[PDB]
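As a starting point, one isolated chain is supplied in structure tokens, in the form deposited in one PDB entry.
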């Protein structure tokens, strides 16, 4: 008993957009283990329930007092005196405590903070770092430092610009260490700021939610030459690839079955799903585009399958809203050959055990896995340890700008230093 969970407590804290979210502390004799839950803006319809208060008098209804009360009054009392090492057992207990398929009773945002903090308490009980403890839970044979995929130019749901597609990313795939990867990323980011300033003016270099630039660009093609120019100017020609997150559901209209690529402008631009495929095949030809995430709407399995086939061996197709880190949706995607990469978001499913199960299922069927932040982040660094623990070789956790992004990148520096010069870096298929 002396080694078990002593206290569990949740509290409402602010995310990087200033919106409330949930943080949980699990206390054992080894210390206080604290985990915070991120929050999406472009959330898939199939994501686990993010439980908000709806009280217009607080945070215009975005409070997390109810989720916090669920931690303090329901989940925490159940956990006291339990063996924190029993991750699957305690995650399953929390699943059953909720009793609903979407975690709509307790909230995925109450459960997840507990699931995370348990695993950190357990790591401390074993006397190993989090990444080591998670690698044991996942059965990972080789740890690796991931290639960071940096969202440096944007165009989605609140960003401050006309740009319709969400993320234009640069990835230092030819770096030979994480230290080198991160420096090169920062250097290109800095070069890009100057390029944007000269082309669009001083007003154009303020940052989006994930620390990238949101220049006054409307057309989805326009960021790409600019990215190649920044890569060149920074002195890293040939070292970089591009990844896209289209978040294409956010532009899609169900009744018309077409995509609006000015949805943030007075006049609409209606474009079809093969007008899209045309664009994607062209992108992949014209630029070193190694990854395209959510190229289509979250239920367009046929669209996804079409582009996955057409770019096989050249450009991975990543499910995010399609798959929502959920073994059931992932099984549908496998059956239809809809995609070949999982965007892994612990808060899309709501427990560590389930997120690990999703990663294992995807890898066993030959997919890559890109561990991901949400557009609403905190100072939490869990995903840095998680990506190394899964050995997946791919992370997206922001531009190299804003503390809720750099905190993960910095944690990756710390892990890299612990693992030493023989630690593997990057994604072998891109190296």
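Residue numbers count along the first chain shown, from 1. Only the largest set of C-alpha atoms that superpose within 1.5 Å between the two forms is called the rigid core.
This next part talks about the form deposited in another entry, which is not shown.
In the overlay on the core between this form and the one not shown, a shift of 2 Å or more in CA position is seen for a single residue of 140, 186, 87, 161, which is 161. The Cα shift for residue 314 between this form and the one not shown, taken after rigid core superposition, is smaller than 2 angstroms. Once both forms are fitted on their rigid core, the CA atom of residue 229 lies less than 2 Å apart between this form and the one not shown. If you fit the rigid core between this form and the one not shown, you'll see the Cα of residue 27 move by less than 2 angstroms. A change of 3 Å or more separates the two forms for residue 220 and residue 369: their C-alpha atoms lie farther apart in the other form.
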